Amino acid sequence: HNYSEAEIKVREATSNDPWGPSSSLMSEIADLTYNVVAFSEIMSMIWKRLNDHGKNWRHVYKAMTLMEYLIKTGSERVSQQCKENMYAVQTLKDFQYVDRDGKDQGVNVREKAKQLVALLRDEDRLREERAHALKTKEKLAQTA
């Protein structure tokens, strides 16, 4: 069918464009993770966007950025499902992409993957990361 609004938001937040996802858009997606229907659509689209290679690395990098944000500020179900699909996060630590100009863009995906896995496996730390992230999200909504 047509994409749901939640799916459209995830695709925009992970678009193959030279700009990272805005905090405002990620915050909207985070709220939608509490919606039982939207949650599954959101997660599925993120896993799909992470499934890419080489020159399409921005899809992957931005999808990881969004996943990190949702792990920290969305429903606790996000982190739960990421832990259950840990392998799919771990594989990204080996992603490679050096462009035609010889510049290593893939090292960025590898670095973010490494720190994303650490965030998911360090259980005591996740509690503190969520508290700080949620406070940051609250301030975002209370500022222009």
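All residue numbers are counted from 1 along the displayed sequence.
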- Message: On mean Cα temperature factor in this entry, is 65 to 73 or 78 to 86 the higher one?
- Response: 78 to 86
- Selected stretch [higher average CA B-factor]: 108 to 116 or 94 to 102: 94 to 102
- Lowest, middle or highest third: where is residue 9 by C-alpha B factor in its chain? lowest
- Task: Could you say whether, by C-alpha temperature factor, residue 130 belongs to the lowest, middle or highest third of its chain?
- Result: lowest
